[PDB]
């Protein structure tokens, strides 16, 4: 398990949490020095538990699929909540079985559905450590519209930060003041599957991507990534989605 406490949190302790989260994900290979997530894991070992504590010390436990860093569901007191998705339904066979009741949320966990449920795109939802504290608090008591927004915050401040150092740093900058994600942040989130694939394809193509990946940089300019010498590959991305899952 990994844990993060918002009480006394600062950029350093958040950084330690994200490092723990990355290190909890199993891999047998690295591809261009980036850990390659496993094609599959059977049984309960597929799921990592993240224990998150809000500023008041109340807690939720979030189940994460270790092959893709997707959040499947979470436990709040004696109630479990899962996305309306076959993969989350499967997760519910292994995690939080001692919950007194299980609620299936009225949406799947992908960005498009969550944004529809929340009533706003995540370009408009502030993120940061205060937003994460709020999100944990929201998830403690069921409200599906509010939860969709909280889950968008949760996904970006945990999973997305684990995947990209740039995103981790963006959250560190928002340790004491929320701010909507940069356009670069959104671009990276949207491109993880694509980048993971092209980095793996580059292995037998002399470090060259079979298909260029288009991204937005910190400045707001649109740029093409074509090979593994790009800063996004050498410095930023921290986990690769296995091509068998793409």
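Numbering follows the first chain given and starts at 1.
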query: On average, which has the higher Cα B-factor in the deposited entry, 161-169 or 112-120?
result: 112-120
query: 93-101 versus 74-82: which one carries the higher mean Cα B factor per the record?
result: 93-101
- prompt: Of 33, 54, 61, 190, which one's C-alpha B factor is largest in the deposited record?
  reply: 33
Entry-reported Cα temperature factor of residue 236, expressed as the chain third it lands in: middle
- prompt: Taking the C-alpha B-factors as the PDB entry records them, is residue 16 in the lowest, middle or highest third of its chain?
  reply: middle
query: Taking the entry's C-alpha B-factors for this chain, is residue 69 in the lowest, middle or highest third?
result: lowest
